[PDB]
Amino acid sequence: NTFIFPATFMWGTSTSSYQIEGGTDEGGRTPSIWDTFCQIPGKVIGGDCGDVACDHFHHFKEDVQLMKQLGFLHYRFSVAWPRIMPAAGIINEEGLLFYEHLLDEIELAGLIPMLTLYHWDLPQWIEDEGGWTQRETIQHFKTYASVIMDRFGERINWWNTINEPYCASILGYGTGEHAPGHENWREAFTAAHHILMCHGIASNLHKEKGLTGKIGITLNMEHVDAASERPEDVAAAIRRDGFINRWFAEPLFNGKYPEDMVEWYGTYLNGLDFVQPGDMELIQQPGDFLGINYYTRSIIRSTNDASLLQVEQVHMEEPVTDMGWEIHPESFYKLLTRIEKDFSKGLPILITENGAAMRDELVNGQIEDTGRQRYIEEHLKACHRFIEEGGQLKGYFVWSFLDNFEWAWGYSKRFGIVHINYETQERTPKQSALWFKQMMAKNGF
C-alpha cells in the first residue's frame, strides 16, 4: 500500500487573478465582467465581490515565498486581462510590471510558472462591445495574447490558454450563473465557439513566435453516471456528457462538434452560422498537453422540463464538501481512463485543478482539515492507479494555494490549503498543506 509517483511528476498549486489579487482599481486596472456581475443582487452569495480578496496584489512576495517553504516546484496563476488592456488598444505598462515582478519572485524562489491567459476576468469594456458573442473579441484576445508572449515567454515554461471554456460560455451566457450573467443559449454556444478559437488564436501566436514553452488548454470535465437503468436516464446521461465534455473536447481533438449535441441544440445553433471556414481547424490544436480540472461526478436522470437538456442532477448526500459536491475518487479514475481512450490517445495530461472546500476552524493557530486532506489523498490514489496502468498523467496542481473569491459562492467557500484570515490578511498553512509538503518530499505517501 505505497503510492510512489514518477520521477518527473509535477507538483503545484493554482490560483486565478480575480480570485486572489484584489487591488481592483489599483495600478491602472479597470473593471472586469465580475466586478459588474458581483454587484447584481442575488448573483453571488452575500453580495461578495472581488474587492481586496486575499490582496495578493500587495502580498505576492510572501505568497511565492510560502510556496517555496511549502516545498512547491510549480506555480500556476492567471493574468488579469483588465490589468493589461484597460481600454481599447492601450497596453498598461504598470500591469505588465506586476506580473514581471511576480515572475521575478517566482524564479527567485526557484519555482516553475504556468501562466493562464484567460481565467474569466474579461475587461468590461469588451463586454460593452458584445463580449464573447462577437468575433471581434477574438482580435482583442489576439492583442492581449501577443503582449504577454513578447513581454515574457523566454521565461514561461508552461502556457495555459483558456481555463474552462465551458464555464465562461455556458454559465456565463447560458444559465446566467457566471459573469456577465446572460440567459441566452444562442449566445452561450456563440461564445463557446469564440473562446475555443482563442485557444487556437493563442496556439498560432505561440508558433509564429517560435517559443519553447509547452502550451495547452484546460477543460473542466466531469464523470457522468445514469441515475437508473431506464433508457431515458441513459439518454439523459449521454446529454450531460456531451454538454460539459464532448462539446469542448471534440472540436479540440477531432475538429467537430458532437453530432447528437448539434441535433439536440437545433434551433439555438442557427445552423452553425457562427462557424466560419477555417475555424474548426483553428480550434483543433491539442498542443503539448491537456489540462484537466476535476471535482466531482454527476448522477443524471431525465425530466420533461423547460431546460435546454431536460435533465435532473440527483443530489447525492454521501461524502460531500461544504459545496454539496460528492467525493467519489473512483470516478476521477474512470474519467482519466476515458480521456486517454477518446481525445487524448497518448498526449500528456495535467491536472491543473483538483481540490475541496470544507468548513474550517482555527484551533490553537492550526487548521485540522482532515476532510480536505482525506479528499486530496483519495483523488491522488485515483491519479495513481491511472499511472501504472499506462496513463499519461504528468502533473497535479492542488486547487487553490489560498482561500479566495469562490465565484458565485463568494468567500463562503474555502478551497485553500493555506487559510486566509480576511480581517488581518495573514496566511496560515493548514494541516493539508503540511501533509502536501511531506508528501512531495517522499514523492508519494
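Don't overthink the numbering: it's just position in the shown sequence, from 1.
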query	finding
Which of 384-392 and 414-422 has higher mean CA B factor, as the PDB entry lists it	384-392
Mean C-alpha temperature factor, higher of 331-339 and 167-175	331-339
From 291, 181, 355, 266, residue of greatest CA B-factor	266
Out of 117, 351, 309, 272, residue topping the C-alpha B-factor column of the entry	272
Chain third (lowest, middle, highest) by recorded CA B-factor, residue given as residue 251	middle
Third of the chain, ranked by Cα B-factor, where residue 433 sits	middle
Relative C-alpha B-factor of residue 69, binned into the chain's lowest, middle or highest third	highest
Third assignment of residue 144 from its chain's C-alpha B-factors	middle
Position of residue 313 among the chain's modelled residues by C-alpha B-factor, lowest, middle or highest third	highest
